[PDB]
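Given next, in structure tokens, is a single chain: the form deposited in one PDB entry.
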């Protein structure tokens, strides 16, 4: 299949909600070594977010059942065994993405826009690994996440406008990392508030399409802040 044919297939799979196919299509295009386009870069992100997302959601449901079974040791034991099977699938998916980022996307990124995007993606997948990490391995995975996020954060502040969706999206997620993973709510709130306040100052400089995109994310920062503040 041609690399252009693979991209079209991914678009089909996206509409058909067949994310395994979508992710496989985009993994092959990345394997070609050609620099991904914006369109292709977002197809790859959406693909793998939906693939890893199914397991994250399953892990939460099975974990909740495990806490509720303070009764039968066998039932709770079964839930724990099932949760482990889901965790193993989640690690394979994460590793799969992180491997694509180190081998072909991060090294081949020339512009900062793309470096930030991939570094944020690296931070997101280490974060997902840290949610199901073994107690001893936790810290090492948690530190790998932070580093990637912080590196992306430094590049975005120096090279990108505050209204940029990638910079806004990185802040949103990094902030969530502080709150959900590092259990540090004050830092999460300032990060997200700072990112919203900086974007608010430059809204007059955006075009119609740029404005819809940035405001949508800024609202997500506001939604989290309200949830955290109330």
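Just so we're on the same page, rigid core means the largest C-alpha set that superposes within 1.5 Å between forms. Numbering follows the first chain given and starts at 1.
Q) Are coordinates for residue 71 absent in a third or more of the other compared PDB entries? A) Residue 71: unmodelled in at least a third of the other compared entries.
Q) Across the other PDB entries of this protein that were compared, is residue 208 absent from at least a third? A) Looking at the other entries that model residues on either side of it, residue 208 is missing from at least a third.
Q: Higher average CA B factor in the deposited record is what I'm after, so tell me if that's 144-152 or 72-80.
A: Higher mean C-alpha B-factor in the PDB entry: 72-80.
Q: Determine, for stretches 135-143 and 121-129, which one has the higher mean CA B-factor as deposited.
A: Comparing averages over the C-alpha atoms only gives 135-143.
Q) Which is it among 183, 173, 45, 58: the one with the largest CA B-factor in the entry? A) When the deposited C-alpha B-factors of 183, 173, 45, 58 are compared, 183 is largest.
Q: Place residue 37 in the lowest, middle or highest third of its chain's C-alpha B-factors, as listed in the PDB entry.
A: Its C-alpha B-factor belongs to the middle third of this chain's values.
Q. Comparing residue 64 with the other modelled residues of its chain, is its CA B-factor in the lowest, middle or highest third?
A. Residue 64: CA B-factor falls in the highest third of its chain.
(Q) Quick check for you: using the entry's CA B-factors within this chain, is residue 116 in the lowest, middle or highest third? (A) Bottom third by C-alpha B-factor.
Q. Sorting the chain's CA B-factors, does residue 190 end up in the lowest, middle or highest third?
A. Top third by C-alpha B-factor.
Q: Would you please rank residue 102 by its C-alpha temperature factor against the other modelled residues of its chain and give the third it falls in: lowest, middle or highest?
A: Highest third of the chain for residue 102's C-alpha B-factor.
Missing here is the form deposited in another entry; even so, the following discussion is about that form.
**Q.** Residue among 184, 205, 42, 32 with C-alpha shift of 2 Å or more between this form and the one not shown, core superposed
**A.** So the residue whose C-alpha moves 2 Å or more is 205.
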